[PDB]
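Chemist: I have a structure here, written as structure tokens, and I will follow up with some questions on it.
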Amino acid sequence: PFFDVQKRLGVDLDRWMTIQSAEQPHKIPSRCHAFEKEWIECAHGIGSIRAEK
Amino acid sequence: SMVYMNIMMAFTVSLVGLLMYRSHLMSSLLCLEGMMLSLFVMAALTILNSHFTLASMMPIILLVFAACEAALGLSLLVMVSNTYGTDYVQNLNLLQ
Amino acid sequence: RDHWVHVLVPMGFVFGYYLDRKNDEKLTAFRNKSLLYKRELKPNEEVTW
Amino acid sequence: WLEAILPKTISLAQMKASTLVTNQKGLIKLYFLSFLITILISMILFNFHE
Amino acid sequence: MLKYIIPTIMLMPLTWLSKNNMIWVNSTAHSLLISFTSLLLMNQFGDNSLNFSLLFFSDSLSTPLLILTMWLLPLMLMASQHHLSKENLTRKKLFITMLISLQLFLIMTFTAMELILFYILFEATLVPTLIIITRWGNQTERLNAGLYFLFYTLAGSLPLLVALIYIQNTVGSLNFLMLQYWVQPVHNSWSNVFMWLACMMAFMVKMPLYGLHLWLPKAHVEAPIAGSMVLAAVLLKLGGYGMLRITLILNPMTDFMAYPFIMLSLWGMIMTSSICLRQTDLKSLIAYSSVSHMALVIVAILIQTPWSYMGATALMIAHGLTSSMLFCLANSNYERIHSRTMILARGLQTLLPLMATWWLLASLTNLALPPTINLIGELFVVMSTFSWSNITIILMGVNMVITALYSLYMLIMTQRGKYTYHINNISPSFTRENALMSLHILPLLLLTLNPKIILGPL
Amino acid sequence: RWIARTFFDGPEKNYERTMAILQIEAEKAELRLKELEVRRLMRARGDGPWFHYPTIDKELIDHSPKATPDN
Amino acid sequence: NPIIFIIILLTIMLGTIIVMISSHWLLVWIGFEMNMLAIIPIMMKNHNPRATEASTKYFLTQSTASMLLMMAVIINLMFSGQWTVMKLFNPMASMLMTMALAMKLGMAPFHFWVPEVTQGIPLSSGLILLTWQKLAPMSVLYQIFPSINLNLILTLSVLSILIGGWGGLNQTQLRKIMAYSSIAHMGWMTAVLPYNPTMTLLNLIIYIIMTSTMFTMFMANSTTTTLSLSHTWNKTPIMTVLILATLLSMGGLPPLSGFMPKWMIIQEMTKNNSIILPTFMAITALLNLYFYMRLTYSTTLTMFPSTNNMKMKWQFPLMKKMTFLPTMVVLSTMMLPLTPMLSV
Amino acid sequence: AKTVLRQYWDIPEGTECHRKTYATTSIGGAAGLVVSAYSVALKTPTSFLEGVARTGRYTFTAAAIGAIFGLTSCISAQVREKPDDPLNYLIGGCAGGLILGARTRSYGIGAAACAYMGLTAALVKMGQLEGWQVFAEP
Amino acid sequence: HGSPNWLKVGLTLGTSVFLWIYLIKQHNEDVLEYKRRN
Amino acid sequence: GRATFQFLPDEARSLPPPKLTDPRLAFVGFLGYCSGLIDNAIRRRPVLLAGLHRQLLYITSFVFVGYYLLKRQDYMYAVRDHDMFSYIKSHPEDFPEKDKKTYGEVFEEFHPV
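Residue numbers (the UniProt record's numbering), protein chains in the order written: chain A, 2 to 54; chain B, 2 to 97; chain C, 8 to 56; chain D, 557 to 606; chain E, 1 to 458; chain F, 119 to 189; chain G, 2 to 345; chain H, 2 to 139; chain I, 36 to 73; chain J, 7 to 119.
Written out as structure tokens, the structure is:
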């Protein structure tokens, strides 16, 4: 069962390496970077079960 | 493109009759410790051809255990063939 | 001593028979029915409920 | 003929627990070849890719 | 209600808590008392049945049936005393506990307010019974009676819980019988047969049809000392009444398929009594009575149209006693002579004169002389089941013949000269022999005076 | 006459005590028909916070001007 | 020696705490990659020629079991290129997840193993620790839960609770008899799993207790079935009423708590109008009971007390928390409609 | 795959009895392989040609049954009223099971095969006929 | 001169003196909270 | 629900709470009260009432814990409901108002024997 402690208290275990656009230390992008901030913007307040459709 | 179908046919290196068998266990354990490089290289491209820039360490962490752990399981293979002198997968004794 | 073992147990009855009286206060919710069944003016419905 | 039909169930199963133990004895090669049949046969069979 | 479960659970530490040998008389003394409470608030209505709590209406229902259940407990310790005096007290404290541990659920069941307390308590036995059969057996064939007693009872009663959880979420809530005031029927499909067949066959495997009774003589032939739990297992069986709560409703309108349960048990009723004539073991001979004129109720219940429930209720508690008491005779006469083989005991009736009239009044109530409950429980069967179709008069008219040769051959086998080699059999039935054998024929015939207290609503 | 008033009661209780506990009931068959008309079948909406799932967290995204003019 | 045995035996759960706490596919690799690294020495302790031909039949059977997973992690790194932990975005991932993850749990196939290890580990002490490895994987399957081909996770289930059932009826050694019928209870909890995945955990906790309290009881000397005959006339009879107050409750009968998972589970698996599935499960756990009966006809039937065997001494084992569990492994049914709304 | 049923369960439905045992020797002929897979894998079979032969034999043996089973029905499924009906489609079971019993002699099998492989035939049709689902979702 | 440890004996007693105290300390507090909140 | 990995959130203030003398809390630790009596009996105590310092500290533990746990259970069945009505209330298109018909109307089957 997924407890998600790193939500409650403060630490970051991972959460940074996770997706294709976060930091990239010197601020250098990926190729398809610009489509992430597009696609995450879509499904967030969604509950993901209607996201697919 | 094409380099993703090789190496993939390579990662069917599993082939399992030759994963546990036949004897000279060291041949079995071998195709295991080289089951990597099918996991490594394959994941050293997709990370690379697109610039992730971050997961780039992951390839390093795919070895550091793959050597650490697979080097453990070598140890037992001394304990087997210490008491014998031939590995020979054909030792079944504990049965069911 | 006085033999608690013996008939002290039958006292379990009135112990229990009281519990069947604990509920009637929460089962009161209908004083109203047409079958007489009245709870009309009397000091009868008033007792037992 | 009441006791043949139902207790036939007794000596029906108790035999199939002699084919799931006896014939599996030993030979670490012999398991491992049979995970492979199972891991391919899941490809062709059904919904598993669909 | 708690008026009952609480003292009878209060019994539980009335026993071990006591001293040495005082134990038997300690609990037999109290266990009788509860019978005043048994009647006490019961035998109220009558009309517009009694329900005193949310999840209990103790028995209103006109299936009183509970007063007996509270009888047979302090008939055991008078019954069970014989050879159980030969092992340790901390074990003897057990055998009185689990025996109560049974008596506590049979008060819970028969009330249950509903279907789903029934079931989990309908299956809640077999924990206490199975433990009495396997330990304290006699022969070594007992170990198989342990299994066969399960693997039927439990075998098909799981399809209940598949069905009763299927109703709970289909129509409203089964939480209460007393609300069926909305019930739609069951018309037909290849699904609904199964529903009706799942909600039924679990009950049949208890009160036997002529199939799947293969367990009943296996458990009774070899079974505890006194019939100690064999008296109880002749309560358990008839307690399949709950088919009276269902088949009255909850798929009322399929009679379509009734016929394979009629002609299957209606030709067994003329049957298994007849395979009982050549038996060489006495506790077998009675075990096959128990099928026969019990299995007559299954043709009483399926048919609707009361005058059957007038007669179907009187039967559940008809042999409830007579079929009980015979297992009490064949026990006693076995104490003295250690074979259960019927042949061996002959030339009695000289040597135990007072126990003559005990056999007789027992074997006379399978004959069912007209005045007692037995016929007035059978002649409301024949009156409705005649109207079904006129031809039922033949087979169930034959039942009334083979059963008469059936009973006598058991008595008249004990009228002969035999002195033969027995130096045993001295004891002239010390009081318990004739005390516990009474408290049956006294209460049994008695009810015929005011026999409106055994009847259904109809 | 002596007993009936000594022990039990008449249809001032065992009637219209059932009236009492069948409103402890017909509200228990109202609320087992609205789960199975909601829980089991929500459905395609995934509307109410029940069949709701995790998607992604748009907090951790970055808006800054990273260096490459086209991306 | 004695310190580290608490350093090792601590790092296990630290191996499985990074499993349940993580967002990130890499960590659920490293996470149960360091069990197969940190389990192995426990098997050893007495250095015998079985444990070492055991943990080597275990090793390479949890080596690939892992190493496939890393191939089905890096598939959906191609497609969608977003790690984290959610439906797998591509069918060759999941079908290479769930039926290569069934190796650690082992399900319907992938068990020629669970009897080859649990038998003949010289260390019976525990071997209670093979209740962790049931608890690491499930803490993936609860997350990935809305992606499965759905025709599989039943097809490994229903071929399991059957195949683990028949497996034992033929068995005597009672380390195996627990080995078997521990594939069985992996049939109920992953048969549910797509429908309402809590009321799985319910079966998961009630399982961790019951199999737990067996072993702690099987620890005094007990090994082979016919060494549980010499039990009641020797060690203590208050032991025998225990081993009969559980082994029966574990297949389950309604007055006990062993009936608690089924009774609730079928509330769930019908109401979804699949009524032809659960009977066959419901009815097959039946002949899962005939181990335990016929196990329980060993100890209450006073079978030939061993020989002249005189144990006048008292005991000094660690019964730790055994004086609790079969008051919670039995009597809890009367208590709880909590388990569906408590852990949820 | 799943569709072999889909054209099996659509077109013939009581008629065209030739295609109906055409495609229903496929299934009972298909599953003969899988038992031949674990036969030599789990059981030893040291025989280059001998082993092969044994395998084939077993496979074909298993195979027998699917062929006749489609036939014993759609014949009688044609000849009475010309639909199929929960009684009609049983018949393929008993005689169908007898093939297995016809093999490896009867007395303890040929009845049981006729019996149980009889009992479990009807349910199939009876199953979709009332609209039963084994594997579902809300 | 009975010989328990006379070290721990009374801890279990003393501990329960804490728990019931602390239990009701949470209870007699929280009871009013319902009304303070409602 | 929200405020994840919390035993119970702050929102549980508005619940009764489940105070004592409920049969369960009494029953809770009863099954422990029959647990303590075991605790002796395994080792051949052979007291059947042994030191009250073991024969207590159980009963103390359960009912405290049994209590401290029942406080959230009752909560959960509340947040279940609360999230239902508030959905049942909106989308009235998914929630019809049935009409009222006595029997001048319905026919049943009608199949007597």
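Backbone N, C-alpha and C define an ideal beta-carbon position, used for all residues, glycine too.
By DSSP's criteria, E/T341 is part of a beta bridge. Which residues make up the other side?
Modeler: According to DSSP, E/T341 bridges with E/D281.
Chemist: With burial defined as no fewer than 16 other Cβ atoms inside 10 Å of the residue's Cβ, what is the status of B/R23: buried or exposed?
Modeler: When all chains shown are included, B/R23 counts as exposed.
Chemist: Between the region 72-91 of chain J and the region 120-139 of chain F, do three or more beta carbon pairs fall short of 8 Å?
Modeler: Too few Cβ pairs lie closer than 8 Å, so no.
Chemist: Quick check: is the beta carbon of A/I29 nearer than 9 Å to any beta carbon in chain B?
Modeler: Taking Cβ atoms only, chain B reaches closer than 9 Å to A/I29, which makes this a yes.
Chemist: In the DSSP assignment, the alpha helix (DSSP H) including B/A56 goes from what residue to what residue?
Modeler: First-last for B/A56: undefined, no H or E at that position.
Chemist: Mind checking which residues open and close the alpha helix (DSSP H) that includes E/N251?
Modeler: Segment: none, E/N251 is in no alpha helix (DSSP H) and carries neither H nor E.
Chemist: Would you list, in sequence order, the uninterrupted alpha helix (DSSP H) runs of no fewer than 4 residues that lie entirely inside the region 43-70 of chain J?
Modeler: Whole alpha helix (DSSP H) segments, 4+ residues: zero.
Chemist: Please state if the CB of E/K3 and the CB of E/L41 are separated by a distance shorter than 9 Å.
Modeler: The answer is yes: Cβ separation under 9 Å.
Chemist: Three Cβ pairs or more, each shorter than 8 Å: is that satisfied between the region 50-69 of chain J and the region 49-63 of chain I?
Modeler: At 8 Å Cβ cutoff, the stretches touch.
Chemist: Is the CB-CB distance between E/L61 and E/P443 below 9 Å?
Modeler: Against a cut-off of 9 Å, the Cβ pair of E/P443 and E/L61 comes out as no contact.
Chemist: At the level of alpha carbons, what is the spacing between H/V5 and F/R161?
Modeler: Answer to the nearest angstrom: the Cα atoms are 31 Å apart.
Chemist: Enumerated in chain order, which unbroken segments of the alpha helix (DSSP H) with a length of 4 residues or greater are wholly contained in the region 128-209 of chain E?
Modeler: Those alpha helix (DSSP H) runs which fall completely within the region 128-209 of chain E and span 4+ residues are 128-134, 142-149, 158-168 and 192-204.
Chemist: Looking at the C-beta of F/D165, does it have a partner C-beta in chain A at a distance below 9 Å?
Modeler: Closer than 9 Å to some Cβ of chain A, the Cβ of F/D165 qualifies, so yes.
Chemist: Find the residues of chain G that neighbour H/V35, judging by a C-beta separation of less than 9 Å, and give them in chain order.
Modeler: The contacting residues do not exist; H/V35 stays about 12 Å from chain G at best.
Chemist: For the region 127-150 of chain E, which residues have a CB atom closer than 7 Å to at least one CB atom of chain D, in sequence order?
Modeler: Residues passing the 7 Å Cβ filter: none.
Chemist: My assumption, with CB atoms under 8 Å, is that G/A246 sits in contact with G/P327. Please give the rounded CB distance.
Modeler: Contact flag correct, Cβ pair sits at about 6 Å.
Chemist: Does the region 51-59 of chain G come within contact of the region 75-92 of chain B, defined as at least 3 CB pairs closer than 8 Å?
Modeler: Yes: the two stretches touch, three or more of their Cβ pairs being nearer than 8 Å.
Chemist: Take B/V4 as the anchor and find which of B/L31, B/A44, B/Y85 and B/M21 has the nearest alpha-carbon.
Modeler: B/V4 has its Cα closest to that of B/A44, out of B/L31, B/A44, B/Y85 and B/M21.
Chemist: Let's test the definition: count the other Cβ atoms within 10 Å of the Cβ of H/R7 and tell me whether it reaches 16, buried, or not, exposed.
Modeler: Result: exposed.
Chemist: Which one of E/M10, E/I317 and E/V162 has the shortest CA to CA distance from E/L445?
Modeler: Of E/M10, E/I317 and E/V162, the residue nearest in Cα terms is E/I317.
Chemist: What are the boundary residues of the alpha helix (DSSP H) that includes C/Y24?
Modeler: C/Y24 -> alpha helix (DSSP H) spans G19 to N30.
Chemist: Please report whether the beta-carbon of J/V69 lies at a distance below 9 Å from any beta-carbon of chain E.
Modeler: Answer no: the Cβ-Cβ gap between J/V69 and chain E never drops below 9 Å.
Chemist: For E/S308, is the classification buried or exposed, using 16 other Cβ atoms within 10 angstroms of its Cβ as the cut-off for buried?
Modeler: Looking at its Cβ environment, which holds 16 or more other Cβ atoms inside 10 Å, E/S308 is buried.
Chemist: Counting only beta-carbon atoms, is residue 58 of chain C nearer than 9 Å to chain E?
Modeler: Nothing in the structure corresponds to residue 58 of chain C, since chain C is present only between 8 and 56.
Chemist: Which residue from G/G16, G/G166 and G/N197 puts its Cα closest to that of G/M187?
Modeler: The candidate whose alpha carbon is nearest that of G/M187 is G/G166.
Chemist: Quick check on this structure: which residue in E/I249, E/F95, E/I402 and E/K452 has the alpha carbon closest to the alpha carbon of E/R278?
Modeler: Of the candidates E/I249, E/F95, E/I402 and E/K452, the one whose C-alpha sits nearest the C-alpha of E/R278 is E/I402.
Chemist: For D/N603, would you say it is in contact with chain G, using Cβ-to-Cβ distances shorter than 9 Å as the test?
Modeler: Chain G, which has a Cβ nearer than 9 Å to the Cβ of D/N603, makes this yes.
Chemist: Within the same chain, show all residues whose beta-carbon is closer than 8 Å to that of D/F604, passing over the 5 residues directly before and after it, in chain order.
Modeler: If we look at D/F604 and ignore the five residues flanking it on each side, its Cβ neighbours are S598.
Chemist: Can you tell me whether H/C95 is buried or exposed, with buried defined as 16 or more other CB within 10 angstroms of its CB?
Modeler: The residue is buried, with at least 16 neighbouring Cβ atoms inside 10 Å.
Chemist: Starting from E/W388 and walking both ways along the alpha helix (DSSP H), at which residues does that stretch end?
Modeler: Here the alpha helix (DSSP H) through E/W388 covers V381 to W388.
Chemist: With G/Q174 and G/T241 assumed to form a contact (beta carbons below 8 Å), what rounded beta-carbon distance in angstroms separates them?
Modeler: That pair is no contact at about 20 Å.
Chemist: Could you have a look at F/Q141 and say whether DSSP puts it in helix, strand or coil?
Modeler: Of the three classes helix, strand and coil, the one that applies to F/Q141 here is coil, per DSSP.
Chemist: By alpha-carbon positions, which one of J/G38, J/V69 and J/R50 ends up nearest to J/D28?
Modeler: Per the Cα distances, J/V69.
Chemist: Counting only beta-carbon separations shorter than 9 Å, does G/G168 have a partner in chain A?
Modeler: No, no contact with chain A.
Chemist: If I follow the unbroken alpha helix (DSSP H) through B/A44, where does it start and stop?
Modeler: Counting along the chain, the alpha helix (DSSP H) containing B/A44 begins and ends at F41 to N50.
Chemist: Does chain G have any CB closer than 9 Å to the CB of E/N169?
Modeler: So yes, E/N169 belongs to the interface.
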